[PDB]
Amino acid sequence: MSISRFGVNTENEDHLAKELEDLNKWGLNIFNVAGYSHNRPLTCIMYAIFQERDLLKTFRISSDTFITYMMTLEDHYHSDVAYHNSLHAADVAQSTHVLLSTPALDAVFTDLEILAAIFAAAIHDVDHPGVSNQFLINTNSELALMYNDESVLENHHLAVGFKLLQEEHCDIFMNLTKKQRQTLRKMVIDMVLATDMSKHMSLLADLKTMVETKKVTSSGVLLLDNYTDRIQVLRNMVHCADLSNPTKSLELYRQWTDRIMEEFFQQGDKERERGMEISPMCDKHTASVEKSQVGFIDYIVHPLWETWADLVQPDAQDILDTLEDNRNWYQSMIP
């Protein structure tokens, strides 16, 4: 049955199953998953990932409760937002799922840490309005005041992600112990807050420290016996998943760029219509898409992935290669 198999009822079962053969691959096409799942990419991908990792059984989560929660979570992502909709969330969850399976990190993380990372990815952008934290701050949002202008949306995504668990038959963590729930909550909070782009540098600095003090075993697997080191790697992994668009196939990457640019232009028109000063990248009349992608990669995405590649060398070399190739392509497209 469709639901028991994919967590969603679809008229394209055979096609959805073919796409899902790439569940553990960096090359999975989430756009197609969406197209063969009646546009339920997040519910479908989260169900597939959990079945793949046997998380439902391990954590005594009924398929029904999980599907109910996932469908609700997905319903809370805006479909009228060009980039920060459920497709992006599904993509980050799937990317994180692949990153957790990096050979160099084999048997490094606990099952609870794995659960927390994938869950964090799924809820990391829930109810995103399509405008930045600065826009919320500049317009004196009640949300901004509430979180003292720090990680405004990130704190909101967390509040929503957790609150939905209180919905009818939505508590997927009902059977965890008080200790497991406390641990998971703290780790998820840590990983979602880590997606706050303004924290980029604090994260990368920690990651370099992890590379510098790197320790591997005979097999070649990294050594991270202490949570204090592991949570720094997990925060950076979800951050890398969040900034993984430029590392995917050019075809996927180009679609991601078109979407984020549309969202930027949306905010630009909002600011414009409110006599506000248009934010950088948000002016559709002066935006330089290609040059901006090159800057994005050179200053932010590459520095991060290069360090990540060093940490798990050589598992992420092809990802770095792809990033570099995509960078040069957009560079050649600058008029």
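When you see a residue number, it is the position in the sequence shown, counting from 1.
Taking the mean C-alpha B-factor of each stretch as recorded, 217-225 and 258-266 are not equal, and the higher mean is that of 217-225.
Of the two segments examined, 176-184 and 208-216, it is 208-216 that shows the higher average Cα temperature factor in the deposited entry. The maximum CA B-factor among the listed residues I114, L165, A90, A241, taken from the PDB record, is found at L165. When the modelled residues of the chain are ordered by C-alpha B-factor, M146 sits in the highest third. The PDB entry assigns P280 a C-alpha temperature factor belonging to the highest third of its chain's modelled residues.
Among the modelled residues of its chain, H76 has a C-alpha B-factor that falls in the middle third, as given in the PDB entry. Among the modelled residues of the chain, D125 sits in the lowest third by CA temperature factor in this PDB entry.
The PDB entry assigns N24 a C-alpha temperature factor belonging to the lowest third of its chain's modelled residues.
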